[PDB]
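A.B. asks: Have a look at this one.
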Amino acid sequence: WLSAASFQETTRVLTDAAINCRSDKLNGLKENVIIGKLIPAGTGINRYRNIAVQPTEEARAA
Amino acid sequence: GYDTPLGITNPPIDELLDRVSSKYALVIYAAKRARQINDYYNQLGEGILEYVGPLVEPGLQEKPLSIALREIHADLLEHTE
Amino acid sequence: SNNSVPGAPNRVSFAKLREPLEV
Amino acid sequence: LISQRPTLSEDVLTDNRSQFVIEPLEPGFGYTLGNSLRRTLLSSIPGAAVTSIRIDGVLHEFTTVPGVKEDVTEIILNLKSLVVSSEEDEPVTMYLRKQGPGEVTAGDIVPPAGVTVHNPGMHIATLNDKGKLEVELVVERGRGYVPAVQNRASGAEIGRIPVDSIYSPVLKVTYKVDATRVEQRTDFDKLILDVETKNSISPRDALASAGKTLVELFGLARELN
Amino acid sequence: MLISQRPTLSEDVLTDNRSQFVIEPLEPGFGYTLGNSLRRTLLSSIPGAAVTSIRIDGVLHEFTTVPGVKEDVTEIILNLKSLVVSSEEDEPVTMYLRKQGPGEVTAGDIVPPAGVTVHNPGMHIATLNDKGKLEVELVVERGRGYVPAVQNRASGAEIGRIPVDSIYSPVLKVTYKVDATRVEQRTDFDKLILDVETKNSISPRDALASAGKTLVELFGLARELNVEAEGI
Amino acid sequence: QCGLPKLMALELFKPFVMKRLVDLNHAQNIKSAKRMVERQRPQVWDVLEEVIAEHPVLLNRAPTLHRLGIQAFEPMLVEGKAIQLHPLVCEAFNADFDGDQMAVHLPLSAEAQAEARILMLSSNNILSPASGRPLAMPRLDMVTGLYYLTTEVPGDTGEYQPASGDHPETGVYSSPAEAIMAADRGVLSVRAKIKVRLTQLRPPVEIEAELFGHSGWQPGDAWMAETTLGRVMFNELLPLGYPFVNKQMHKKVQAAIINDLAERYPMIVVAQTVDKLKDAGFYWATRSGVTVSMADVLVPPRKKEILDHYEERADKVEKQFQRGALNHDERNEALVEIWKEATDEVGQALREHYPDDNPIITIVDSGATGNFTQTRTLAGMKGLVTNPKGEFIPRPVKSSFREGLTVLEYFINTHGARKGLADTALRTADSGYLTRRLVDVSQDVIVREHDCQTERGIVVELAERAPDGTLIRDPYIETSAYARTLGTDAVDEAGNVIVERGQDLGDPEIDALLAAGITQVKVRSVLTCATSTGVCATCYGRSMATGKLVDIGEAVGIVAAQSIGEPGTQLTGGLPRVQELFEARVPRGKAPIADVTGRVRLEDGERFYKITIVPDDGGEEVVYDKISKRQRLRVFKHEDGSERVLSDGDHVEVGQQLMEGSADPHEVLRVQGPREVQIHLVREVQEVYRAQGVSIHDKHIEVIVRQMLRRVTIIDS
Amino acid sequence: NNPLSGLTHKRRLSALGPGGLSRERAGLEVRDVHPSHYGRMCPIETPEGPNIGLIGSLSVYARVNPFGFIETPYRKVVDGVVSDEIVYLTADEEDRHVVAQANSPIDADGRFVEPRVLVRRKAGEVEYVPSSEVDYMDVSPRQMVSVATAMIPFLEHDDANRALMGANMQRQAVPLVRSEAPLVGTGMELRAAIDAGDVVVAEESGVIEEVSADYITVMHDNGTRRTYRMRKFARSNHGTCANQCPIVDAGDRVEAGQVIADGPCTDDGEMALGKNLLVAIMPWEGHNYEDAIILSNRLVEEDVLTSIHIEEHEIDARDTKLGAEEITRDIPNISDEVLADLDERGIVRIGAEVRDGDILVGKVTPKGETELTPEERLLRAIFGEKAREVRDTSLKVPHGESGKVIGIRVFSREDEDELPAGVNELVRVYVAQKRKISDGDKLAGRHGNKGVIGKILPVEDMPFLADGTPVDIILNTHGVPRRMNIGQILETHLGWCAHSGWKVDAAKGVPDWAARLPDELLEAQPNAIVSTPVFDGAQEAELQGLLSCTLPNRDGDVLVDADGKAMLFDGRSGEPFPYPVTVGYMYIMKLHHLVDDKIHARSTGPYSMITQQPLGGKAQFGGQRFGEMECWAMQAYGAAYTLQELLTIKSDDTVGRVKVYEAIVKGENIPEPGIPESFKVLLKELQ
Ligand SMILES: [Zn+2]
């Protein structure tokens, strides 16, 4: 309902949102842009996001 | 088989995409390692458990992103997807 | 000559049609 | 087809214009020589110009002087036409006082020892009965074109009015070549350099300054590594 | 005028007979003034020697094919034109090239008269057919730059002698571009880049130094007019 | 690289400069370091150079139509107060230099700079994500400059002469360096046909085989070529080892090279190669003599004779209207075809009268800019102009802009010129509105899987077989066949398979099936991709911008939406037709369809039209009622004659278009199935963009249709 | 902006406003050209933005009757006989007759040469008609165009698209320091300048008694004296320099209605919207790539395109809750060096050059003790500075401004000056900048050919003619045939003929191309002024003939051939350009779209109090708006972190933006973005 209320017919969507008492799972490009989360696309999906990088065992003296 | 890459085009974007799975994966690999190198320069004078320092010889006043991008080209790092 | 009414510089016009009414 | 050392001989047209012929040159060489001289002439010939001025009754360019027909801005634009040469190579001050009626010309300036005005008949301002003009003019010596030096960068206070400085004494330089393309053992290009100055220096003096410029400069390829 | 200091010349050696030179930093915009002048001085004002005309035995009115060799007439002229040579004699010098039997001709199989030197003895010239024989006379002269064969039409005798293009100049290819560099706060001070490829007659170093002397002498004619001041 | 003014970078990198001013001890504390930047103390300009080193910035020009509307560059401190933009990215931004402004955004975090360094860098985005064809290529002055030296001029000086008489062959040079020395002296022309022994360029694959063949040509091996000196200089620009091309460098020719360079050669080579073409094109455009003068605007020689013949025909149609033999509505249509035919005869009189040295022709015919219709309006005649109604005025503007329109000619011309600018503002609003509707409907369509393993696909018309025997390439290969991936092995008449399943259809791999005789392939499509939410990469196909398989996580839905909405600025059918399809409207055409396959029962009258169909198997007759104002589509009857106007007795199939127009996409679904209605919408939208000179891959159109059939209704709970 | 801009604005005809129509209630039918607009409203001059067609300019000869309709004059034709009797007709009155086109062939007595002539009829019909049917005819060919539209020479050769831009950009010209009348004219430049009212015309005939840069005194014949004061360096409504200058000298007999002094964009009484520049039509190393413009540095060295600009800055001292704002030189914690350019009152002194950030007016406001930061109260104790209960609120120069302070105006309640209630002092400071032509400044011509300055080469680098004179401006060839504006090419030809002069061969009669030309045109001196009236004027037959007989230079050589081209030399290498290039003089104008105003950048700064997002516009030191379309480009790239960074820490993250600034000055890494404050407001609004 958050991705719809920012598209068209803001009042018509917000009215039906509170009547049906809809809950929005914040998982979407347009939704994460509003709340400030990383968009689930590109470098924002959990596959590339949660990645640990460690150096190889070889290293110089200092 | 190309002219010497100058500036931000070095290391070449083609050889960098060989040690990685996708364009989006290389961004995270370089960025998170650049955070390690940057914390090493800010925790070199104070504190232990400082992040691992630069693996290649860095240039004078070289940016931590450029340092991390060369060592990825030099196969001096690992990964965990 | 062009606009010989106020005493302006002499600008020469390629005019083939006369002007019956001034601006 | 072997070498004969080229010769340069000067031809005079007027007191501030002279033609210079250089021959013999290798084929295709004439155009590049005339340009390297022209580019050095139009740019790096030393000369003297007015750096700043100072009018008593004014504090900036955008005002008028009582009795004079031109505003200070139009007066300064007329002073950009001034041609002058200085021997001092250091800041020196010219002066100008004139009471109306009458016209103030470039000859009405009293130059100090070393510097001299080369077109005393230039119009500067027109003064009526009530018009009084008193101007100081600082003249330095440089080369090329330098814009007006800011009052924040210099130590000059409010009264001083900086002006753009046009130090080049050459006015117009061109060239033409005559190629001997007769299919034979002998081909050569003859360069004809045309130099026009602004009565500050003679044309041959300017070409001599460009000559010592390029003789010194090309001497960088002769030194080994 | 005013002082303009610190212009230096550096050299990077790509090959033994091709180097890159950088004149940095120059004032804006002197990089273009002495840019095209340094190139034209190299390409057209260095004394060198090359073949002026040749004469092939067995070739009189045809010039289409030479019997006994695989290469035709014009293919012989090309690799002969690229023959590098130097001479201590100003006047023209005739050389002869002769070899019989099946095999291969080289620029080492030539016999050079005293004063001239062939610097590429391993250069291929012609392939000799079975029981093949080739006699050819070469004319070498001094000169500068590049002169067409049409001007050598009088140098050939009326007996199957053909004139050729003479690549007198020791340098082969010179290109130049100008970049920008910052000496203090100005960012338009010019950096000149010279890429000179030369024959093995002389190195790129001496070729550039040769062009500098002839140019200082050239602009010295203007300098002798008054010897007025100018900032170094 | 892009150049931003020094005063811009100092404020943009202000906190970074304040950090370094206190490190190098130019400032005591960070508090005074801020006052130094605000006061612009001379130490900051040396410090500012160290800061912006390899720190990318983002350039943006509104309207940000597609994703290349924002690109990352490496900043270089330049004087002045203007931003210096590269001439090759001008096509992506749609930016001319008549007063445009761009915005600069400075990424701060390590992730943001990495995204700008790798994902958004200009050199990594040479190809259009919409079509896969290059955008950063020689376009205006550059293509004209390259078109110059790659031109073969016959009588040009220094040309080759065959050996005749006492002199041997004239015009054969040992080295390209010698031909340079010849052109320097003034003997050889850069555009003259000569013979040059080349040593550092690979000969064409045609002639490389006969000379070497067994082993590839080697840098150092020699060979002869019959080109011009300029054509040799052009091939030196493209990388070493590339086959020599002895063609004339039109824009189409240069585009085919760079497209082939993007497929085979790596990215960094393509970036450096096109920079070489840029510098070379500008150099020779300066010396190509391209100039516009009044003498170069030649007028048709028979200008008076041509129009008087049509003034005669117009006077006879005007006299045929005086006696009432022609309807007033027909007189306009009759005179229009008289002057439409007249403007063609005047335009033809210009092409043959104009030489090819004329710069006005050289600009258009090189692919630089402009149409010949512009040149015809410039030198020949303006032609028929439109009044604010829409139809063409029965009187044309006979004068040319070189001649000078009359007072009444000029006044009637502005009628169409102003309304042309008037609706362009409105037509962009409906375009952008349609664009943002396409964005929201496909915003969350992401590549989440590598392969959904479904063997389902769709049949693509690879080529068409002519009746004579030869096969003609389908015009739809570029948008519907290339960059696809197979879902079924291609089998020719032999048992051997030419291309395996799951192989990206490259350029030679289409010729492999083309020369094999097979004319149909079954390819994986985003329509058939069975995935819970997003789509798998294998069914999507090759990313047009990346030139490889689409990575997992790329928001392909937003790319598809931007790829369709960017060319929407140029429409008339038209733009409202595209909205009729994406909104699933009951169309204006409302064309009928064949609900059941069988026999046609044409019962036509003049009061109305009613047509029945006897079902080919069982069933009962299905009756329709249509207005006589339509006409039947020439249906490809079973007779194999495509122009078979639907009369009674024809054998039409199920879901066959009856009369012309636009069949209701709602009714196409309830006849042939969801698989077929998706194919209809794709190539129906594709016809609107194809009929305008816009090539959008069917890939992007299909991504939107997938979101239209994701939902089903409930009949019984 | 310029006198033409002021004259056009008064003759504007707007459809918007009360009683008219709303912009949202205006279809494509109200805006396009109507056949009744002939000779009444211009079909060319109208903005190309969202107000196209809704705003027009009254035609030249048009007027308004006491009813409200627009009348246009016509010459009444009795019976195929042109009469000098002129009558004004309304729109519906014009339809009840038929009028002949202005350029009709007419006998010296008045009879039409052809029986059938092009004639306009009701409902916009054009057709031939008998000579005994013509009731009226047009007064002048330019009867349909506006004043600014009539100022475009060779307008009949330019398409309406670029012609619209040509007239609209003429109003955008900037008054230069000195002004040059154009070599190629239309005749309108004189009446457009005088009627605009920015010059100084003599009311009564007389002689010049005393002339100064300040005022002109005229001694009339009867004996009375009238003195006209000159408007010197006055700021216009748009920051342009309105500066008048006398033309007459001491003791000059001047007639009535004659221009004794001209103002901005005026030369000897003619609209001087630009300068005559030596133009070469050729691509040049890519620096003029699609509509870019290359300039010779001569225009910088000689102040050819240099213009004066004046800004107005203002600040007041009010009565506050804790005291009264006072304008004083004493400012807390400021060195004597910053205040060195101030007088004893705290005001900058006349003539002092001021950069951005310099203090103009030193004003301090008393701040309460209960309004102090914990760090600020400790910082006040560790410096021992008591009695500093006032803070700095001085008027400082905005970013991007710099110039000489030319005037100060002070208003004080103490000195009987009526200020709004609550104000004690008001100061206005006038700063003037001398703006030379810079890289990126937008130039343009009269044919809708616009472009920004792409490169200013040294004079030696510019392609120069045979006699060494370098060209001034290098216009790209590629941007000429597309726009259909050959008028610039035709002006370039006639512009060179005006610069050089001509002499037609008089021997063996007058040649066949100059038979139509007036006798005054057969000979011309260098730098001669000419008029090409709209829809009349020079034809291409006469123009081609003038290029053949161009006068030679001082050396006796003809530089430009008969085609209109000339051989140029590459000033960078010296080799001549391989082909001739069209070279002439074109009138170029400096438009009020200068980079000195259009450059802007921001690290941090003020934020809108409600939404906590950065401000907008350059005047408020605001940042750029990363709009909705721009976010789609980020997602299409997959640049997630760049998108999160833009919408959080770089915008409306209240704590994130501060922690980012600290992380930069500390050398630390960029922290993790928080929650946008604008989203917090959204929820509090939904509640
Ligand atoms: Zn799939």
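Chain labels A, B, ... are given in the sequence in which chains occur in the structure tokens; within each chain residues are numbered consecutively from 1, and ligands are likewise numbered from 1 in the order shown.
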6 Å from ligand 1 is the threshold here; counting only C-alpha atoms and all ligand atoms, which polymer residues fall inside it? Answer as a ChimeraX atom specification.
C.D. replies: /F:451-452,526,529-530,535-536,539
A.B. asks: May I have the residues of chain G within 8 Å of chain A, counting only C-alpha atoms, written as a PyMOL selection string?
C.D. replies: chain G and resi 635+637-641+643-644+647-648+673-676+679
A.B. asks: Write the residues of the preceding selection, restricted to N, CA, C and O atoms, as a tab-separated table (two decimals), in the first residue's frame.
C.D. replies:
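Listing of part_32.tsv after writing:
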```tsv
chain	number	residue	atom	x	y	z
G	635	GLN	N	18.50	2.80	-9.67
G	635	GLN	CA	18.03	1.43	-9.54
G	635	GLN	C	18.31	0.62	-10.79
G	635	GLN	O	18.65	-0.56	-10.71
G	637	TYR	N	20.85	0.99	-12.68
G	637	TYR	CA	22.25	0.62	-12.51
G	637	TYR	C	22.44	-0.42	-11.42
G	637	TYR	O	23.45	-1.13	-11.43
G	638	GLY	N	21.50	-0.53	-10.49
G	638	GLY	CA	21.71	-1.33	-9.30
G	638	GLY	C	22.59	-0.68	-8.26
G	638	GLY	O	23.04	-1.36	-7.33
G	639	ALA	N	22.85	0.62	-8.39
G	639	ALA	CA	23.68	1.36	-7.43
G	639	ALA	C	22.85	1.62	-6.18
G	639	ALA	O	22.32	2.70	-5.95
G	640	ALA	N	22.76	0.58	-5.34
G	640	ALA	CA	21.92	0.66	-4.15
G	640	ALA	C	22.50	1.63	-3.12
G	640	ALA	O	21.79	2.49	-2.60
G	641	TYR	N	23.79	1.50	-2.82
G	641	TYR	CA	24.40	2.32	-1.79
G	641	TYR	C	24.44	3.79	-2.19
G	641	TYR	O	24.24	4.68	-1.35
G	643	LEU	N	22.22	5.19	-4.01
G	643	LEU	CA	20.84	5.65	-3.86
G	643	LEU	C	20.48	5.87	-2.39
G	643	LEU	O	19.83	6.86	-2.05
G	644	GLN	N	20.89	4.95	-1.52
G	644	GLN	CA	20.66	5.14	-0.09
G	644	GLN	C	21.41	6.36	0.43
G	644	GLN	O	20.88	7.12	1.25
G	647	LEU	N	19.57	9.75	-0.46
G	647	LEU	CA	18.29	10.02	0.20
G	647	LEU	C	18.39	10.01	1.72
G	647	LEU	O	17.37	10.22	2.38
G	648	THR	N	19.57	9.77	2.28
G	648	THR	CA	19.70	9.71	3.73
G	648	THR	C	20.73	10.70	4.25
G	648	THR	O	20.39	11.85	4.58
G	673	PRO	N	23.83	4.86	7.20
G	673	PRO	CA	22.71	5.80	7.14
G	673	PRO	C	21.59	5.41	8.09
G	673	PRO	O	21.33	4.23	8.34
G	674	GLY	N	20.91	6.42	8.62
G	674	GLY	CA	19.81	6.26	9.55
G	674	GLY	C	18.47	6.29	8.85
G	674	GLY	O	18.32	5.82	7.71
G	675	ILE	N	17.48	6.85	9.53
G	675	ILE	CA	16.10	6.93	9.05
G	675	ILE	C	15.84	8.36	8.61
G	675	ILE	O	16.18	9.29	9.35
G	676	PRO	N	15.25	8.59	7.44
G	676	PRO	CA	14.98	9.96	7.00
G	676	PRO	C	13.98	10.67	7.90
G	676	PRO	O	12.98	10.08	8.32
G	679	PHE	N	10.44	10.90	6.40
G	679	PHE	CA	9.55	9.77	6.64
G	679	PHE	C	8.89	9.85	8.01
G	679	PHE	O	7.74	9.43	8.17
```
A.B. asks: Report, in Å to a single decimal, how far apart CA of residue 518 in chain G and CA of residue 501 in chain G are.
C.D. replies: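 According to the coordinates, CA of residue 501 in chain G and CA of residue 518 in chain G are separated by 15.6 Å.
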A.B. asks: Taking only C-alpha atoms into account, what are the residues of chain A at most 8 Å from chain B, put as number ranges by chain?
C.D. replies: A: 42-43, 47-56, 58-60
A.B. asks: Write out as an MDAnalysis selection string which residues come within 9 Å of range 156-173 of chain D when counting only C-alpha atoms, dropping same-chain ones fewer than 5 positions away.
C.D. replies: (chainID D and resid 17 38:39 41:56 58:61 76 80 83:84 141:151 193:201 203 206) or (chainID G and resid 301 341 349:353 467:469)
A.B. asks: Excluding residue 476 in chain G and its own-chain neighbours fewer than 3 positions away, which residues fall within 6 Å of it when counting only C-alpha atoms? Please give them as number ranges by chain.
C.D. replies: G: 281-283, 288
A.B. asks: What would the file look like if the residues just selected were written as a tab-separated table (two decimals), in the first residue's frame with N, CA, C and O atoms?
C.D. replies:
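Final output, selection.tsv:
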```
chain	number	residue	atom	x	y	z
G	281	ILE	N	33.23	29.82	-40.77
G	281	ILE	CA	32.30	28.70	-40.68
G	281	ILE	C	33.10	27.44	-40.98
G	281	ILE	O	33.26	27.03	-42.13
G	282	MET	N	33.59	26.79	-39.92
G	282	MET	CA	34.39	25.58	-40.07
G	282	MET	C	34.50	24.85	-38.74
G	282	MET	O	34.59	25.49	-37.68
G	283	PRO	N	34.50	23.51	-38.74
G	283	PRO	CA	34.84	22.78	-37.52
G	283	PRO	C	36.30	23.02	-37.17
G	283	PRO	O	37.16	23.17	-38.04
G	288	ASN	N	34.18	23.29	-31.14
G	288	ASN	CA	32.84	23.77	-31.44
G	288	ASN	C	31.95	22.61	-31.86
G	288	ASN	O	31.40	22.60	-32.96
```
A.B. asks: Under the rule that only C-alpha atoms are counted, which of G:102, G:475, G:405, G:299 is the nearest residue to residue 19 in chain C?
C.D. replies: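 Checking each candidate against residue 19 in chain C, we get G:102 as the closest.
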A.B. asks: Between CA of residue 682 in chain F and CA of residue 706 in chain F, what is the spacing in Å?
C.D. replies: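 The value is 10.5 Å.
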A.B. asks: Pull out every residue of chain D sitting within 10 Å of chain F, counting only C-alpha atoms, and send them as number ranges by chain.
C.D. replies: D: 26-29, 181
A.B. asks: CA of residue 110 in chain F and CA of residue 266 in chain F are how many Å apart?
C.D. replies: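 According to the coordinates, CA of residue 110 in chain F and CA of residue 266 in chain F are separated by 26.4 Å.
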A.B. asks: With a distance cut-off of 9 Å and only C-alpha atoms, select the neighbouring residues of range 485-493 of chain F, excluding the residue or stretch itself and same-chain residues fewer than 2 positions from it, and output the selection as a PyMOL selection string.
C.D. replies: chain F and resi 454-458+481-483+495-505+513+516-518+520-525+538-542
